[PDB]
Amino acid sequence: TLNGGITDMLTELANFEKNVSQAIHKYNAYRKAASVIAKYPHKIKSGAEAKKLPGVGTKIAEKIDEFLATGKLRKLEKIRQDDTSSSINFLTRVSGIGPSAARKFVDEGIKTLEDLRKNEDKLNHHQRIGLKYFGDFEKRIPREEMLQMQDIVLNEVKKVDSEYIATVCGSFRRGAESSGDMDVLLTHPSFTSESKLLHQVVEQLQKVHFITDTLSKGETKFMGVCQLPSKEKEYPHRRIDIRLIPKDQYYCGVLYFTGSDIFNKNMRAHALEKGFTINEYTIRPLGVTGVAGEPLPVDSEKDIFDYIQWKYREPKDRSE
DNA sequence: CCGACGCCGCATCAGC
DNA sequence: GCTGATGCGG
DNA sequence: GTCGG
Ligand code: NA
């Protein structure tokens, strides 16, 4: 892209803030700067030019000046070569190893996947699965495979109980040509906010050998691993989440987990101006002093659009 | 100057 | 044994 | 690190 040197620099800085410095708000600051620069339709000539963008401040402008003048950043060159920092940063690519775990491992001399393989007893269940599928989890999922995955999920859900409703959300629902994982939202008329269901669906997908491993599982959220059946070479293992949501909150949930994140904030902003508060679960009216009323009945995504006097937006048009 | 920056389900640890 | 905190993912 | 009350 037009400013890929800069945006790669900022993303690498973001990762070290999150994984080594444990400074999550600086991680997000660098990511926001990388995003606003990525959308800038000109090749940046100076830090001052970039500082005019929201999310780029004095320090990032200085780094851009150093990068444009010299082609590198001294601080990033240094931490790249740092054995301890580079190893901590790397180990967080294992699902289940966060900044805390990565630091503890490197402190005791465990720095590579091979060290992890030699030290299984030090890994919890999630981390063992993350190590097992390290390469597969970093591959993207082509839309054609997402469609084949959706076929299986919708068929098996309906087989368990034809009154379930299931919706694959995420960027797939907005029409993306590839995905990072699969996000399934599930509800059933017997399950309301006022009124088992998840277990039966997980069990059925395990019985037909679609779900292969479980990272976590409770009464309303499943996180695990699945794999399309092989004809041929085998398909990569993929991350799949399944969320059970009360029926009266289902379409707020589908809206939220379809996104995009940008579209979500724009819709929430607009709802506020019309006197409503929308979150993942509900839409509620706000009184004249800002007191939220009871959740309003929502029986489709369009009900939410109708409340705030927006024309219905198709998922494919929810990029912003 | 200084606090916000999203929040929650699940696994697991720290502590009683 | 239970309760609450933390880590983690997203 | 950046923004803004
Ligand atoms: Na700044």
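Atom set for the values below is all heavy atoms of this structure, side chains included, hydrogens, waters and symmetry mates excluded. Chain letters run A, B, ... following the sequence lines, proteins first, then strands; residues in each count from 1.
Separating the OH atom of A/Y27 from the P atom of B/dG6 is a distance of 12 Å, rounded to the nearest angstrom. If you measure from atom NZ of A/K51 to atom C1' of D/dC3, you get 10 Å, rounded to the nearest angstrom. Between the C1' atom of D/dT2 and the NZ atom of A/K63 lies a distance of 13 Å, rounded to the nearest Å. Between the OH atom of A/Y281 and the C1' atom of B/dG9 there is a distance of 9 Å, given to the nearest Å. Atom CD1 of A/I24 and atom P of D/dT2 are 16 Å apart (whole Å). In this structure, NZ of A/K26 is placed 15 Å from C1' of B/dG3, rounded to the nearest angstrom. Rounded to whole angstrom, the span from the CG atom of A/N124 across to the P atom of B/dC13 amounts to 8 Å. The distance from atom NZ of A/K32 to atom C1' of B/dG6 is 14 Å, rounded to the nearest whole Å.
Note on A/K111 versus A/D115: no salt bridge recorded, every NZ/NE/NH1/NH2 to OD/OE distance being 4.0 Å or above. Taking 4.0 Å as the cut-off between side-chain N and carboxylate O, A/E12 and A/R80 count as a salt-bridged pair. At a threshold of 4.0 Å, the pair A/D183-A/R173 does not count as salt-bridged, since none of the basic side-chain nitrogens sits closer than that to a carboxylate oxygen.
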query: Under the ring pair (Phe, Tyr, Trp, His ring centres under 6.0 Å) criterion, do A/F134 and A/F90 qualify, and how do the steps go?
result: CA-CA 12 Å; A/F134 180 84; A/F90 166 73; 5.7 Å; yes
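The side-chain hydrogen bond (donor to acceptor under 3.5 Å, both in side chains) contacts involving residues 53-66 of chain A comprise nothing, where partners must be two or more places apart or lie in separate chains.
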Under 3.5 Å between N/O atoms: give me all the protein pairs with nucleotides 6-10 of chain C, atom names plus distance.
unit_1	atom_1	unit_2	atom_2	d
C/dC8	OP1	A/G98	N	3.0
C/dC8	OP1	A/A101	N	2.9
C/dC8	OP2	A/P99	N	3.3
C/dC8	OP2	A/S100	N	3.0
C/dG9	OP1	A/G96	N	2.7
C/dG10	OP1	A/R239	NE	3.3
C/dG10	OP1	A/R239	NH2	3.0

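For the P atom pair drawn from C/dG10 and B/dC5, the interatomic distance equals 23 Å after rounding to whole Å. Comparing D/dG4 with B/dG6, their P atoms are spaced 15 Å from each other, to the whole Å.
Closest contact between the side chain of A/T220 and the listed nucleotides D/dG1, B/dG9, B/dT12 involves B/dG9.
Within 4.0 Å of A/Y256, counting heavy atoms only, lies at least one base atom of the nucleic acid.
Residues that satisfy the side-chain contact (heavy atoms from CB on, under 4.5 Å) test with A/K158, not counting sequence neighbours, are A/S162.
Judged by the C1'-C2'-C3'-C4' torsion, which is negative here, the sugar of D/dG1 sits on the south, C2'-endo side.
For CD of A/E108, the number of neighbouring non-hydrogen atoms (other residues, nucleotides, ligands) closer than 6.0 Å is greater than 12.
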